[PDB]
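Only one chain is given next, in structure tokens, and it is the form deposited in one PDB entry.
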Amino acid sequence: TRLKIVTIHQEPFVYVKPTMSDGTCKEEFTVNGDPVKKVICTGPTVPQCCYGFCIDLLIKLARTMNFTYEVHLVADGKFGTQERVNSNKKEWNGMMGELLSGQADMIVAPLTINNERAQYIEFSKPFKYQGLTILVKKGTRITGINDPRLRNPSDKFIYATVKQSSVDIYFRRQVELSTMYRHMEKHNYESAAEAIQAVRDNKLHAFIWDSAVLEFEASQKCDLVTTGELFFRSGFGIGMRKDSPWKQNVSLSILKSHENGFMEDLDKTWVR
């Protein structure tokens, strides 16, 4: 066997750094003395170094269930939505497309659990509960998702999310969001890092995204702040194909890890 794991760049869940000249990962500790476990991950391909919340989780899952793995970064850089072809056919892009096509056996990433994806793949019980919030630069003042500059949009105030993500789907599917969606679809970004950098450079005025990521970004970059409130709650899950022999034990392992304070440790190490 040896499971092919697909992941995606998304601090603080997955950090991606260059290897050292000899191709190994540099030994590093957290500020409080915790070792930073790194694995080789290949991606856009060049061997690189990956670590973070999701990597620590993968390593725990691996040891617990006694599997081995090789990690790669999603080739197209996207989380995964289903899109029309050319055809009557539809096709998943991103990590979803790689799992379904067999290029990966497991998705270990901050992958939002939703109905759309669950039609086609199996999710574990959530390894992380969080939600959607909004990120702006300090000095930008909005009330949140119901602010008139959002609910009554114009090109004076630009807001957006990441293309081909669960957040994109969240806005496309709901009739009452139809006005917001039309604005955003003109402005969505290729990745969260690009959208975040864009908010810092005043090219994007609001970025709607996962609170676990946004609150972290705001805690590191003092020129950025969030609304505060979640306007929607969601969870991240491990993704597997429906025939996976690992799915029961992955979920039990996640439940066990929440209950024994392992996830508490990961939250304190990476997320708080």
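Rigid core: the largest C-alpha set superposing within 1.5 Å between the two forms. Numbering starts at 1 and follows the sequence shown.
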query: Cross-entry absence of residue 93, a third or more of other PDB entries; finding: no
query: Unresolved deposited residues in the interval that joins residue 228 and residue 229; finding: none
query: 219-227 or 66-74, whichever carries the higher mean Cα B-factor; finding: 219-227
query: Between 48-56 and 237-245 (mean CA B-factor, as deposited), the higher; finding: 237-245
query: Top Cα B factor in the deposited entry, candidates 89, 128, 125, 117; finding: 89
query: Selection from 166, 179, 161, 133 [criterion: highest C-alpha temperature factor in the record]; finding: 179
query: Third assignment of residue 269 from its chain's C-alpha B-factors; finding: middle
query: Among modelled residues of the same chain, the CA temperature factor third for residue 208; finding: lowest
query: CA B-factor ranking of residue 113, expressed as a third of its chain; finding: lowest
query: For residue 254, the third of its chain into which the C-alpha B factor falls; finding: lowest
query: Chain thirds of CA B-factor: placement of residue 139; finding: highest
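Same protein, other form: the form deposited in another entry, not shown, and the subject of what follows.
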query: Core-superposed comparison between the shown form and the other one - Cα displaced by 2 angstroms or more, from 71, 196, 104, 121; finding: 196
